[PDB]
């Protein structure tokens, strides 16, 4: 387990910079354990290493890296970038859910179908006279009742 350091990068250059650092790491056998460029973080990537000087070294000669924040990032503050599980996992036809964000917020619905490939759920609203299938993002629902 290395420590987590934030590295400043040019906006739009997160993935490209991760990849150039990775190339240099491989060429010189630098003791960097991992690198993380969350699509929701713009202008910073994170580099897991034993200490800060190993990152300062690795980013030298890398055009779009602007420096390493001195204060390490606790591991808990990157964990929420690390969840591989679709938010729909566990939902089954017939389950009862609430929509919790977006236009249908507060409304309850019955699960018709999950698409874990796209992390979406197709639902029929409870109050609707005409039961039309609505597909919502997996993050916008919460399970109320299993069937």
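Residue numbers count along the first chain shown, from 1.
Visitor: Report the stretch with the higher mean CA temperature factor, choosing between 12-20 and 128-136 on the basis of the entry.
Guide: Of 128-136 and 12-20, the stretch with the higher C-alpha B-factor average is 128-136.
Visitor: Look up the CA B-factors in the entry and say which stretch, 113-121 or 40-48, has the higher mean.
Guide: Per the deposited B-factors, the answer is 113-121.
Visitor: According to the PDB entry, is the CA B factor of residue 82 in the bottom, middle or top third of its chain, that is, lowest, middle or highest?
Guide: According to the entry, residue 82 has a C-alpha B-factor in the chain's lowest third.
Visitor: Should residue 147 be placed in the lowest, middle or highest third of its chain by the C-alpha B factor in the entry?
Guide: Its C-alpha B-factor belongs to the highest third of this chain's values.
Visitor: Would the CA B-factor of residue 55 place it in the lowest, middle or highest third of its chain?
Guide: CA B-factor rank for residue 55: lowest third.
Visitor: Please rank the C-alpha B-factors of the chain's modelled residues and tell me whether residue 141 sits in the lowest, middle or highest third.
Guide: Tercile = middle for this residue's CA B-factor.
Visitor: Sorting the chain's modelled residues by C-alpha B-factor, tell me whether residue 27 ends up in the lowest, middle or highest third.
Guide: It belongs to the middle third of the chain when residues are ordered by C-alpha B-factor.
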